[PDB]
Amino acid sequence: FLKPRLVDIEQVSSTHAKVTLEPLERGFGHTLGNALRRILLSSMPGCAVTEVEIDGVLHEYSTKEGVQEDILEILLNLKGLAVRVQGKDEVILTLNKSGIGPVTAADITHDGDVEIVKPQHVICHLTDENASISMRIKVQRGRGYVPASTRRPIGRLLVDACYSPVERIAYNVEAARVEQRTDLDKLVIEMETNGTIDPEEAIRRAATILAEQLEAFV
Amino acid sequence: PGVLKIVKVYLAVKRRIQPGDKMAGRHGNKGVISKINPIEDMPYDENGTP
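Re the packing of aromatic side chains
Thought 1: Under the defined criterion, the tally for this structure stands at one aromatic pair over all chains.
Thought 2: Here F1 of chain A and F28 of chain A contribute two aromatic rings whose centre-to-centre distance is 5.5 Å and whose plane-to-plane angle is 70°, an arrangement assigned as edge-to-face. Within this pair, whereas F1 of chain A is found in the segment before β1 (6–10), its partner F28 of chain A is found in helix α1 (residues 28–42), the two being separated by 27 residues in sequence.
Thought 3: For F1 of chain A, a relative accessible area of 76% translates into the label exposed.
Thought 4: The ring of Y44 of chain B has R37 of chain A sitting right over it, with the charged end atom 4.1 Å from the ring centre.

So, the interface of chain B and chain A
Thought 1: Each side of the interface is counted separately: chain B has twelve residues, and chain A has 14 residues.
Thought 2: Interface of chain B and chain A: buried area, both sides summed, is about 1100 Å²; carbon and sulfur atoms make up 44% of it.
Thought 3: At the junction of chain B with chain A, the criterion picks out two salt bridges.
Thought 4: A salt bridge links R38 of chain A to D41 of chain B; the shortest N-O distance between them is 2.7 Å.
Thought 5: Summed over the shared surface of chain B and chain A, the number is six residue pairs in polar contact.

Describing the pairing of strand β10 (residues 132–142) of chain A
Residue and element names in this part refer to chain A.
Thought 1: Among the eleven residues that make up β10, eight are buried, leaving the element largely enclosed by the rest of the structure.
Thought 2: Pairing between strand β3 (residues 46–54) and β10: eight bridges, direction antiparallel. Bridging across to β10, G46 finds its partner in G142.
Thought 3: Examined bridge by bridge, strand β5 (residues 91–92) and β10 share two bridges and lie antiparallel to one another. Residue pairing in the sheet places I92 in a bridge with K138 of β10.
Thought 4: As judged from the four bridges shared by strand β6 (residues 95–98) and β10, these two strands associate in the antiparallel manner. Across the sheet, the residue bridging to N96 is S134, located in β10.

Reading the values: rules and limits
- The scheme used for residues numbers each chain from 1 in its written sequence order. That scheme is not guaranteed to match the entry numbering, and residues without coordinates are omitted from view.
- A letter from A marks each chain and a number from 1 marks each ligand, given out in the order of writing.
- All values in this entry refer to the displayed chains, which constitute part of a larger assembly.
- Where side-chain values are given, they derive from all heavy atoms of the structure, hydrogens and water being excluded.
- The pairing test for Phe, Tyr and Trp rings, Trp by its six-membered ring, is centres within 6.5 Å, and the orientation test on the planes gives stacked under 30 degrees, edge-to-face over 60, and tilted for anything in between.
- Each helix is a run of H or I in the DSSP string that is no shorter than four residues. Each strand is a run of E no shorter than two, and both are numbered from the N terminus.
- Three labels apply to residues, based on accessible area from a 1.4 Å probe with only protein chains included: buried if under 20% of the type maximum, exposed if over 50%, partly exposed otherwise in between.
- When the NZ atom of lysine or the CZ atom of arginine is within 6 Å of a ring's centre and also within 35 degrees of its normal, the charge is said to sit over that ring.
- Contacts: residue pairs with any heavy atoms within 4.5 Å of one another.
- Put simply, buried area is the surface a 1.4 Å probe can reach on two separate parts but cannot reach once they are joined, added for both.
- The term salt bridge refers to a side-chain nitrogen of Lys or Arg lying within 4 Å of a carboxyl oxygen of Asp or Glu.
- Between N or O atoms, a polar contact is any pair within 3.5 Å; within protein, one atom must be a potential hydrogen donor and the other a potential acceptor, and residues adjacent in sequence are included only when both atoms are from side chains.
- Pairs of strands are assigned from DSSP output, requiring at least two bridges between the strands.

Spatial relationships are all this shows, so hold off on functional conclusions.
Listed below in structure tokens is the structure:
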């Protein structure tokens, strides 16, 4: 028998990459591929915002003088923030911009662990020289899709959590060029991440989840 | 005549998609949503987009 090993992990772009498992035997290629696609797509640790606390606004369906968007638009934009933390789960950020100009993820005061991978993400647009916006974004780890309905002060606004560092996984079993033994194939897996997870770590973690779940009937 | 003051309070909910909500098209094809299938179980084309 032959046991696959990671050989080449290329990164065409910062979001999507291509992992390769070279020495896969006949049959096990597709079997490994489908399982490693489902596990990768469904269960993978990731960080996303959970609670946002603006300075002046009270509820979600309320405008704010100085911001070109409703608070609902700001919350929706905040939901799609690619934040990678290194340490504790609950970490609270702070944004403070005053002046006409599109606020971005760079304006968020970075701490020693949190590092925003996309500094150009636009949150809101200030349209006056005498306007100011301040928020307290709480970012916590998670797994899967946790709505805001299942999960107290009037100021606090709840935003649905979408912890998923993987967006699009597509594999393709190609016939390997291993000359000594024929019928061998390689498994090329392409993963479109959001910029928080590393392809090698994600692949390894999915494989280990499969391994732990395999210990039941063994 | 006879009332002193009235108070009106407005409540706002955010309904989402639930199994049973009718969702039809423009041409005339109608039908309720049956099951919210997870993304991984939905059919995916060659490029991977489900």
